[PDB]
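K.L.:
Following this message is one structure expressed as structure tokens.
Quick reminder, even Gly has a Cβ in these numbers, built from the backbone with ideal geometry, and neighbours come from all protein chains shown. Throughout, read-outs are computed from the coordinates displayed, never taken from laboratory work.
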Amino acid sequence: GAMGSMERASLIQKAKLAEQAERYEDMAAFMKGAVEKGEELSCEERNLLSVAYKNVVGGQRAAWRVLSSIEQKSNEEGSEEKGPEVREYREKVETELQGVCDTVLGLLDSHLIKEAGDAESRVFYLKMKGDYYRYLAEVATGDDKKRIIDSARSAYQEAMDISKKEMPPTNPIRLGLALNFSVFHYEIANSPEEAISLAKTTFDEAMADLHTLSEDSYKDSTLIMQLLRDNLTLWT
Amino acid sequence: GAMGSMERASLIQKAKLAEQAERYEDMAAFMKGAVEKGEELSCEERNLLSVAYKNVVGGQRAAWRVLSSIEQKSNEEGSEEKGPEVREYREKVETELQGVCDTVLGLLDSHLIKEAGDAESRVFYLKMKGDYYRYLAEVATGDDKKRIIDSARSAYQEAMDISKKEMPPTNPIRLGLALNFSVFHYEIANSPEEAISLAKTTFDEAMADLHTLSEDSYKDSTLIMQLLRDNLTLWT
Amino acid sequence: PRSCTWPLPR
Amino acid sequence: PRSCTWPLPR
Ligand SMILES: *SCCNC(=O)[C@H]1CCCN(C(=O)c2cc(Cl)c(O)c(Cl)c2)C1
Ligand SMILES: *SCCNC(=O)[C@H]1CCCN(C(=O)c2cc(Cl)c(O)c(Cl)c2)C1
Ligand SMILES: [Mg+2]
Ligand SMILES: [Mg+2]
Ligand SMILES: [Mg+2]
Ligand SMILES: [Mg+2]
């Protein structure tokens, strides 16, 4: 890897600089290099990894949605034939997106998840695994779509089982996991009632635990809790 | 070039899709491929080329400024030694920026400018040449800085001379050229009075010609005229 | 609106 | 503010 000659600490330092500079592709490459050093990631380092790749894949997903919408309109009755270019370019962006997802899933499988013994780190990585299979599922159409969907479901479910056993209901990773698994149910699994049930139960159990928190923890938790409410408002 | 096998028309079609998708690196690569087909560019195609590379270099310049500011603070009295990483990463972004500028300047020199006989196209390309030498000058520090600055000045001046002879004072390319040359004077050449004089004269000569314009042309011209006024307000 | 997920890209 | 130039990136 091109980051193999750079010190781990220098890679983390540069990931933070890349974030400040809004250079998220660079950020992700620095954090991939850090992961490939083979040591476990600290809490802050996990956050850098997550933020980096979320921003990269976020741009790709937004572009894919623009192009897929154009492609869909091109295939409506009465639409002029424009040739293969829209499909080709949608496929180009899709393949790049799938590559990023495969890269993240590869870091998680080699070997972040297996070395993660603490509940917080294990849940963090399993949530990421669910998320990146979910992004693969958003673009999937072939023989493998059902298995991609079930890979997302399985990772999210394992994360949920651990987080319920080992973390308080206000834990921000637990909350973000439940938020994203609820969106998985709504958007990917065609299970809107499961999505709504999960969002509501997650919100109510967190509400009931806020009294235990410091002011700073209360801010972290209520920020994600508002996203659960926002989704419930969209969906009901 | 990787675009050598794609039809010119397909490259232009995909540049427009990339713009819609906010995929400006792709946009620029498609338009480079189109230029390398060797035919002159139409008005709309010139605009696509300009928008594509302006967005790419705009992100790089913003990142470079963030990193240069951090580097400057690191070199102030009392600042803790942090090692080479800030300089290294600033240099990385700088080298990438210089590469983009060199790529654009190479397209203009081979062979957009020499084949541009109409005043509108020639001025358009010479303004771009001034702009990308100006971006090189923003980061330049070595033996060549003065010559980079004079290359920007010389391209802008030739564009100005042609535009004054051949285009009305409200022409949007003429206006954008004068706007950017005025910023060159203020920011690069350490000539704020020249910058202010040029902005004011450009604004007043355009004001006096607005009566000749259609509503749509009036909108194009007054939009850039407002940027001249905005700069005059910042500078006075 | 698009459904919210976390973290949110800048 | 930073001085305005044209065109402006999105
Ligand atoms: S790492 C030092 C202490 N901070 C944290 O533990 C968490 C605290 C609460 C806020 N966080 C998140 O909400 C969060 C960030 C990221 Cl990058 C994620 O991917 C997820 Cl799921 C949650 C950081
Ligand atoms: S190409 C078809 C007609 N449109 C145009 O001629 C111009 C008209 C006025 C608005 N334009 C600009 O303001 C302009 C765009 C771009 Cl991409 C530039 O680089 C510059 Cl200098 C000016 C397009
Ligand atoms: Mg495909
Ligand atoms: Mg349940
Ligand atoms: Mg350098
Ligand atoms: Mg003069």
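Table: residues versus (1) more than 14 Å from chain D (Cβ to nearest Cβ); (2) under 24 Å from B:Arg134 (Cβ atoms); (3) within 16 Å of ligand 3 (Cβ to nearest atom).
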{"site": "B:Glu193", "(1), (2), (3)": "yes, yes, no"}
{"site": "B:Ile196", "(1), (2), (3)": "no, yes, no"}
{"site": "B:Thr201", "(1), (2), (3)": "yes, yes, no"}
{"site": "B:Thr222", "(1), (2), (3)": "no, no, no"}
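K.L.:
Does A:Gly58 satisfy being within 14 Å of another protein chain (Cβ to nearest Cβ), over 16 Å from A:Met128 (Cβ atoms) and either over 17 Å from the mean Cα position of the chain (by Cα) or not β-branched (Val, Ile, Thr) (or both)?
P.N.:
Criteria not met by A:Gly58.
K.L.:
Same structure again: List, please: which pairs have Cβ atoms under 7 Å, are six or more places apart or on different chains, and start with a residue in the stretch A:187-210 that is surrounded by 14 or more Cβ atoms within 10 Å (Cβ to Cβ) and end with one that is aromatic (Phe, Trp, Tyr)?
P.N.:
Between residues of the stretch A:187-210 that are surrounded by 14 or more Cβ atoms within 10 Å (Cβ to Cβ) and residues that are aromatic (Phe, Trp, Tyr), the close pairs are A:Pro192/A:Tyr186; A:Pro192/A:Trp235; A:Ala195/A:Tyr186; A:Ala195/A:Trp235; A:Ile196/A:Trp235; A:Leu198/A:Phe181; A:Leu210/A:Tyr218.
K.L.:
Considering the stretch B:154-179 alone, what residues qualify as being within 16 Å of ligand 6 (Cβ to nearest atom) and surrounded by 20 or more Cβ atoms within 10 Å (Cβ to Cβ)?
P.N.:
Matches in the stretch B:154-179: B:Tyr156, B:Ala159, B:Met160, B:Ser163, B:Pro169, B:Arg174, B:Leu175, B:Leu177, B:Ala178, B:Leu179.
K.L.:
Considering only residues that are within 25 Å of A:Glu91 (Cα to Cα) and within 14 Å of chain C (Cβ to nearest Cβ), which ones fall in the stretch A:108-162?
P.N.:
Result: A:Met128, A:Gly130, A:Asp131, A:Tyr132, A:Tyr133, A:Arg134, A:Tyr135, A:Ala137, A:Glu138, A:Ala152.
K.L.:
Determine if the stretch B:190-200 includes at least one residue that is of a type in the set (S, T, N, Q) and within 16 Å of ligand 5 (Cβ to nearest atom). Lay out the reasoning, then the answer.
P.N.:
If we filter the stretch B:190-200 for residues that are of a type in the set (S, T, N, Q), which is where we start, we get B:190-191, B:197.
Imposing the further condition that a residue be within 16 Å of ligand 5 (Cβ to nearest atom) reduces the set to none.
No.
K.L.:
Give the number of residues within the stretch B:25-84 that are over 27 Å from B:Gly4 (Cα atoms), touching a residue at least 40 places away in the same chain (Cβ under 8 Å) and outside any helix (DSSP H, G or I).
P.N.:
Number of matching residues: 0.
K.L.:
While we're looking at this one, here's another question. Are any of the residues in the stretch B:111-134 in a helix (DSSP H, G or I) and among the polar types (S, T, N, Q)?
P.N.:
Yes, the stretch B:111-134 has at least one match.
K.L.:
Any residue at all in the stretch A:181-190 that is within 14 Å of chain C (Cβ to nearest Cβ), more than 16 Å from ligand 2 (Cβ to nearest atom) and farther than 30 Å from A:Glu71 by Cα?
P.N.:
no
K.L.:
Still on this structure, I have one more. Within 13 Å of ligand 5 (Cβ to nearest atom) and more than 14 Å from chain A (Cβ to nearest Cβ): does that describe B:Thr103?
P.N.:
Working: within 13 Å of ligand 5 (Cβ to nearest atom): no; more than 14 Å from chain A (Cβ to nearest Cβ): yes.
Taking the combined requirement at face value, the residue does not satisfy it.
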